[PDB]
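Results of the structural survey
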Amino acid sequence: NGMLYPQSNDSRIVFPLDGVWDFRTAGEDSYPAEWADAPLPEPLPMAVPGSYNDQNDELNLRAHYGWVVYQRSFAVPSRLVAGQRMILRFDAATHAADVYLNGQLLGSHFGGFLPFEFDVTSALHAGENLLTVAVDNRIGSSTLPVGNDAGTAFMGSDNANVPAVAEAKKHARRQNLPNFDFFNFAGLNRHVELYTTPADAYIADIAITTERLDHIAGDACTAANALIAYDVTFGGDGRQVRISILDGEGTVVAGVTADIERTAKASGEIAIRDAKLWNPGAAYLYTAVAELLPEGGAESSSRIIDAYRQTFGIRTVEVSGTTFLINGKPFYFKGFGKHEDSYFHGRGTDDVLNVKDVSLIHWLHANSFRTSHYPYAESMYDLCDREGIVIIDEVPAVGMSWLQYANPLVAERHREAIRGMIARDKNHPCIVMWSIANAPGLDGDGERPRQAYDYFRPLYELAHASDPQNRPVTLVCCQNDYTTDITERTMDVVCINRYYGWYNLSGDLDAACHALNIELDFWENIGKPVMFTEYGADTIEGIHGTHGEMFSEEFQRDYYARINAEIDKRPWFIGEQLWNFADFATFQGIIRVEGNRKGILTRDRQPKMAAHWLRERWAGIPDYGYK
Amino acid sequence: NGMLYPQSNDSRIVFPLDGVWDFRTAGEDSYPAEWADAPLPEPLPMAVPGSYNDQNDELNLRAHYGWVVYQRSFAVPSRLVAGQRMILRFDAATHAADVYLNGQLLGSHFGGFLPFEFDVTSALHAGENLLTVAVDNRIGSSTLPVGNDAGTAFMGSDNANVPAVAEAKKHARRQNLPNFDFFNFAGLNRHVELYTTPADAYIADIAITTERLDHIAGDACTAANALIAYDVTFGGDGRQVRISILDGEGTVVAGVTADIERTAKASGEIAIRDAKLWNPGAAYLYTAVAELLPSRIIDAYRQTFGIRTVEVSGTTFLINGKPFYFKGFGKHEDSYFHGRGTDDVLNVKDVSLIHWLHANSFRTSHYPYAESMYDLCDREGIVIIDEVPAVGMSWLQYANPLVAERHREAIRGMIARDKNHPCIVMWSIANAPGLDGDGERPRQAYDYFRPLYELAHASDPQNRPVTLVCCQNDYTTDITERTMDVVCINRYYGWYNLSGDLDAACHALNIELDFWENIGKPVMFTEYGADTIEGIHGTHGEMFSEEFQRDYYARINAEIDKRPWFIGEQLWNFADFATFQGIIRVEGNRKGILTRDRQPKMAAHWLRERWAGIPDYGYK
Ligand SMILES: O=C(O)[C@H]1O[C@@H](Oc2cc3ccccc3oc2=O)[C@H](O)[C@@H](O)[C@@H]1O
Ligand SMILES: O=C(O)[C@H]1O[C@@H](Oc2cc3ccccc3oc2=O)[C@H](O)[C@@H](O)[C@@H]1O
């Protein structure tokens, strides 16, 4: 179950396989088997990592439906593979992939936003190796994220009662129809790499938890004592593992040698005196170095069999009444939902962009975001660990309704996504909360609200069982009839998406604020902490008015000014994450002006009027103690 | 019923009352009547003509609901009023007005897009006169154009099932909710003027018709003989009227003296040898000069006209016996600052753009336009489909006799005002009403519209074709559109349905074209298009890009070219225009092939090239 990010050290090496690959589009329902067994005929170039859709303007790959096939060759010195365990890792292949090496299927995966890997020790050979990866972009009623098997995309226009329209639909070209509001970018969206570990015995997983903090300082920078726990899992086959705790300067401040017991694990606790805590706006990271010792322990030899360096931060998270406590201090979220989205790359990971976006989060005086609507690339979490930005980590369970709740295949994929996200991400101190879905159907009459609850409650429990830190769990709720939804109010933090004054009461900020206050009165009675995870207004940079109407920069600024003045009056409202950080691509349609334009930044990360207004507001709101 | 545009001549003078007036906003359902008795307190400035909504950025007058009050003073020499009939004309007050002069209520008008006038001979006095005009902008289920009494504006987003939304609606500020897709600009949108006629007897109305053309030239520039008819109505009280026909150079080419009979009318026919005909792309105008006789002239009026016939014949639309093809668009009277206010600089520019595009026609979507625009199109050879403000209609309106009454007023009023223009070739009695469905609904719509079709025919002395512009609907259960003289359809295949899929859009369009092929009427587009933000570009153009709009017209027009019975392409729209705000309107309607500032998008260039190669006559 461990998926530690590949590391290079004295016992391990990583060989990236990124670069310009060969590529062919394939069929709507299948691809040629022979393409895995020999070089692709007449290949196109395709950079990896990246979405494929915007990498070829001769083709219309945004319209592609079905399979594509990637391929490349590689060779490595025999000297480096000898005696080692060889693993091929795919950080993400969106949505489903079949991976072949030298004409043999290594295996398959479903789930477009989480990593998977194969043991290729026996499949590799000397000299050039031929790696082929078939990737399927199709979405439908059984995928996460969810597609529509017929009709229109989410937020699509129709005239379904016109006989000519009904007839033309029957014969129209097959297309993915997202039941979600972001473009279905597909392909090898994240890195590919070959890596090595020792074969006889190796470190397979590490979990670090902050179990307890004693006498936390007034400023939350330190605690008199921190109790941390480690759990190390091994693969392979009186053995021991040395655990060293390094502080921010790399000095060993704690260390223990633990017995490995059988499935093989070592676990224990370590007390850290005068512990330096991790906080939003004030990151501090330690490293847990795990070193597998040879048979005979340190008593017999100085050599190290295997090693892995796991970053971690010491901090607690606790929901208490209507507060969200980090290191016992009442936190207030400032930020937004994001997307992994950019020109050229699509959903492809881009660390230049991640580094820039983290600086923009600081420029705005924001302190947090949500990984709307899928787990992000691993590097972004490491960056937010070092930069003191809090994350709500969310699985790709977007577009769901009652059709999905009855389907065992969907429930299995949903559990896989929750387990996989938490297994990948559990050691990040920046992650303070898990989201098990975005905007599923929860309300209505008859049995529908109960059916939704019965689907989601076990997933809430799974997210708690899976996280060794036991962080809060939420479900991000779409604008709905909050009085018949019986699921959202059971979450640990209530996370609501609301578009009062945009999708309803349009343009009337007085009415919008009145409606918002009626719903806030409902949440006030429930007595849980509540935050916005979405609210906003599509905004075309450069459209201006003295009395700003919808789509103007002024309306977007006025929107936030009015709504935020209302939530400031509620002590139990513990965060404001708006929609969205930046404009992003969507399926085309009559309400999407070259995608979603609710960004406070443009797609090129330039600030609209509302961004300047929010920057000034957020400059004056502290991370702790605002409420 | 005559509403001849005010003229100055030896017998008549016009005194314009345009300029910067005083202005105050008033209440949702009332205004202070006493404001007519003294200068408005603390007035704002307000230019007339113009909509008021965009003339004050300290206020949000786009949000205004109810009444406003205009006022100004004027004085004219006693010498000018002596012995004359004094008439105060409002070219348009949108939507309803109460008019006072020196504190006396002259009367009221309902209907925001047609002229009305008052005899103020007795209310005028020497020196300064105080003119107060209260204007009501309210629209609702009994007005034309139609407003919604509750819910949202047309094409508005909602979450009606959210309890907080339902409750907030109950208490929200009252607003007009258009059931139409253009902003509800209000105020004194067109000119105001005082004018004079003789009092004892005067010319009240003139109708000129083209009755028959003999031996029309191959190129339709002339006919060996044209038989025209005149009908002159008089007001006041063996009298006679002199009718002189002036050609384009002002030469009197024909003349007759007719007896006036009592209701007081003179009528007759005149034969014009080697008549110069009016054609799209080749205007020629005559003037009929009517002079009431006692060397003296008692009264006079100069009525421009053009000699031409219009005939629907099978699946053809014949102008002077030639098969015409419409190229053009729906327009709007819409611009920055002015709103719906008439602007003849803009009208002159727009007519030049119609020529730049090689278009030949437009429709007055969705209300009669200012009179000056029709005069301009008369002289510039641009054909017009003239439409009343019956937009936003459905079964709630058809059951309401007040709406039918207003609809009849609008049809009679438009045709009475506009009947003499040669550029007008067809009348439209509605845009996008509800016509389809189950049960009694299609028959109820037909029973409502058929008498209005008959009224438009009865009212027009030229007996021009009459249509009803149909919104995308279930054409198989609509039983009304197919009975019109020309079938005029608004279709948005590939935009509002089959979105972005031009192959599917063309397949669907062709299925509906197969339906119309069997009906056997002439058919044309009056709307089709795609919102387009200038500057948004793609190599594979998606919705809102300039390329998608160009590709849209390229694909759709290739299909209608294959149908010989499809006699015109009027797209939506000439230029981007203002609407009520909402999630599908990016600062208004962006289906213009031109921007709101009349700059050409990619599609405008593509259409210009297409239209350059399509002749006015004989394309099909
Ligand atoms: O609409 C967006 O910009 C985002 O919408 C979110 O889901 C919601 C959509 C609607 C639509 C109509 C009325 C109320 C709504 O409230 C919502 O909460 C979605 O989570 C985002 O991914 C979309 O981008
Ligand atoms: O939508 C417009 O741009 C114009 O719409 C016209 O009416 C129609 C609206 C719709 C909506 C959805 C599907 C099909 C439609 O077909 C129509 O004909 C209206 O005549 C114009 O005034 C609008 O601006």
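Residues numbered from 1 in each chain as written, not as in the entry; some residues may be left out. Chains lettered and ligands numbered in written order. Part of a larger assembly, values for the part shown. Heavy atoms only, no water.

1. A short note on the domain arrangement of chain A
The parts lose accessible area when they come together, and the size of an interface is often stated as this lost area. Residues and elements named next belong to chain A. As assigned here, chain A comprises domain 1 (1–198), domain 2 (199–316) and domain 3 (317–627). Each of domain 1 and domain 3 was reduced to a C-alpha centroid, and the two centroids are 28 Å apart. Listed by partner, the interface residues are 36 residues for domain 1 and 43 residues for domain 3. Both faces combined, the contact of domain 1 with domain 3 buries some 3200 Å², and carbon together with sulfur accounts for 62% of it. When residues of domain 1 are sorted by the area they lose upon contact with domain 3, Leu-114, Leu-144 and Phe-182 head the list and together hold 20% of the total. Along the contact surface separating domain 1 from domain 3 lie three salt bridges. The shortest N-O distance in the salt bridge between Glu-378 and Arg-89 comes to 2.9 Å. (Domains from an automatic or database assignment. Contact = heavy atoms within 4.5 Å. Buried area = accessible area lost by both parts, 1.4 Å probe. Salt bridge = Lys/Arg side-chain N within 4 Å of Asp/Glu carboxyl O.)

2. Quick notes on the UniProt feature "binding site: beta-D-glucuronate" (unreviewed entry) in chain A
Residue and element names in this part refer to chain A. The sites that carry the UniProt feature "binding site: beta-D-glucuronate" (unreviewed entry) are, in the present numbering, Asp-181, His-373, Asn-438, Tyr-503, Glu-534, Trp-579, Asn-596 and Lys-598. Mapped onto the elements of the fold, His-373 is located in the loop between β22 (368–370) and α5 (378–387). Every residue in contact with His-373, bar those within four places of it in the chain, is listed here: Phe-182, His-339, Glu-394, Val-395, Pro-396, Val-398, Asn-438, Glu-534 and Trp-579. Tracing the backbone shows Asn-596 in the loop between β28 (573–578) and α11 (609–619). Once you skip the residues sitting within four places of it in the chain, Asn-596 turns out to touch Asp-181, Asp-538, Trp-579, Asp-583, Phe-584 and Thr-586. (UniProt positions renumbered as here; feature names shortened; annotations may be inferred. Helix = DSSP H or I, 4+ residues; strand = E, 2+ residues; numbered from the N terminus.)

3. Comments concerning the UniProt feature "binding site: beta-D-glucuronate" (unreviewed entry) in chain B
All names here are of chain B. Look at the UniProt record and you will see "binding site: beta-D-glucuronate" (unreviewed entry) annotated at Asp-181, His-366, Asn-431, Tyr-496, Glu-527, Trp-572, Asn-589 and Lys-591. If you trace the backbone, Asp-181 turns up in the loop between β11 (177–178) and β12 (192–198). Using a relative accessible area of 17% as the deciding quantity, one classes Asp-181 as buried. If we ignore the near neighbours within four places in the chain, the residues touching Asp-181 are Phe-154, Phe-577, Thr-579, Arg-585 and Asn-589. Mapped onto the elements, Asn-431 comes out in strand β26 (residues 424–431). Apart from residues lying up to four places away in sequence, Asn-431 is in contact with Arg-363, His-366, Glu-387, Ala-390, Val-391, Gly-392, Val-469, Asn-490 and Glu-527. (Buried < 20%, exposed > 50% of the residue type's maximum accessible area, 1.4 Å probe, protein only.)

4. Some remarks on the pattern of salt bridges
Within this structure, the stated rule accounts for 81 salt bridges over all chains. As a salt-bridge pair, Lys-569 of chain A and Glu-566 of chain A come within 3.0 Å of each other at their nearest N and O atoms. Judged by its relative accessible area of 58%, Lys-569 of chain A is exposed. A salt bridge links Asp-214 of chain B to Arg-212 of chain B; the nearest nitrogen and oxygen atoms lie 2.7 Å apart. Here the salt bridges do not stand alone but share partners, grouping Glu-28, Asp-29, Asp-136, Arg-138 and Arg-174 of chain A into one network.

5. With respect to the side chain of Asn-490 of chain B
Among the secondary structure elements, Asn-490 of chain B is positioned in strand β28 (residues 487–490). Polar side-chain contacts of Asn-490 of chain B include one of 2.8 Å to the side chain of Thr-526 of chain B. (Polar contact = N/O pair within 3.5 Å; in protein donor to acceptor, adjacent residues only side chain to side chain.)

6. Things to note about the site of ligand 1
Contacts to ligand 1 come from 16 residues, most closely from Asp-181, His-373, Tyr-503, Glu-534 and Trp-579 of chain A. Chain contributions to the surroundings of ligand 1 come from chains A and B. For ligand 1, an oxygen atom lies 2.8 Å from a polar atom in the side chain of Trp-579 of chain A. For the shell around ligand 1, a count of residues per class yields six nonpolar, six polar and four charged. (Near = heavy atom within 4 Å. Nonpolar A, V, L, I, M, F, W, Y, C, P; charged D, E, K, R; others polar.)

7. Considering the interface of chain B and chain A
Contact with chain B, which involves 52 residues of that partner, is made by 53 residues of chain A. In total, about 4200 Å² of surface goes out of reach between chain B and chain A, with carbon and sulfur atoms giving 61% of it. In this structure, the salt-bridge partner of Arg-62 of chain A is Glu-542 of chain B, at a minimum N-O distance of 3.9 Å. At the surface where chain B touches chain A, the tally comes to 16 residue pairs in polar contact. Considering every element that reaches the side of chain B that touches chain A, the biggest residue donor is helix α2 (residues 163–171) of chain B, with seven residues. Of the residues assigned to the side of chain B that touches chain A, the class counts are 22 nonpolar, 17 polar and 13 charged.

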